[PDB]
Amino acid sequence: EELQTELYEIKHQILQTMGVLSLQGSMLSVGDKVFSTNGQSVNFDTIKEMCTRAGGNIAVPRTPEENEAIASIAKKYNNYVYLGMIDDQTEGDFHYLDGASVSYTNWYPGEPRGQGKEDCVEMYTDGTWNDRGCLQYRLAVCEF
C-alpha cells in the first residue's frame, strides 16, 4: 500500500529526467524507443560499439514515425546516418542485426542498387534510404 506512493514518486522522477533530456534536445522519444546521438561521424563498426557501450543499439526505424525521428536528427546535424541493418550474407535481402528480415523500408527510388558490394544502409536527410559501403563517416544515432 506504500508501494503506490513509492512507485508514483519513481515514475514521476523518471518523467522529470526524461522531460529534461527531451526539452534540451538530448534525445527523441517515439513510443517506447528513445533516439539519441553523440554528434560524431564515424564508420558503421564504430557506431555499433558506441551504442553498445552506452547500453543501446545503432538506430533502426521500423515505422514511418521512427523513420521521421531519425531523419530529423540527420537533418539537424546535416549528415547521413548509418542504420541498424545489413545484407552481408546474400545481396538484396536486408536484415536487422538480430537476424530478422527487414520489414518496413523507405528506399530512395531505384535503391537498393549500384552494387554488388554494398552491405550497409544509410539514411539521407530527407529520411529515404540508400545501400552503401560500411566504411564511410556517418552520424552515430543510437536507440535505447
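Numbers follow the displayed sequence, beginning with 1.
Stretch with the greater mean C-alpha B-factor as recorded in the entry, comparing 34 to 42 against 82 to 90: Looking at the record's C-alpha B-factors, the answer is 82 to 90.
Averaging only over Cα atoms, indicate whether 43 to 51 or 92 to 100 has the higher B-factor in the PDB entry. That would be 92 to 100.
Consider only the C-alpha atoms of the modelled residues in this chain, order them by B-factor as the entry records it, and name the third containing residue 121: lowest, middle or highest. Residue 121: CA B-factor falls in the middle third of its chain.
Compare the C-alpha B factor of residue 115 with those of the other modelled residues in its chain, then answer lowest, middle or highest third. For residue 115, the deposited C-alpha B-factor lands in the highest third.
Sorting the chain's CA B-factors, does residue 130 end up in the lowest, middle or highest third? Ranked within chain, residue 130 CA B lands in the middle tercile.
Third of chain Cα B-factors occupied by residue 17: Answer is lowest: the recorded C-alpha B-factor places it there.
Residue 3's Cα B-factor: lowest, middle or highest third of the chain? Highest third - that is where residue 3 ends up once the chain's C-alpha B-factors are sorted.
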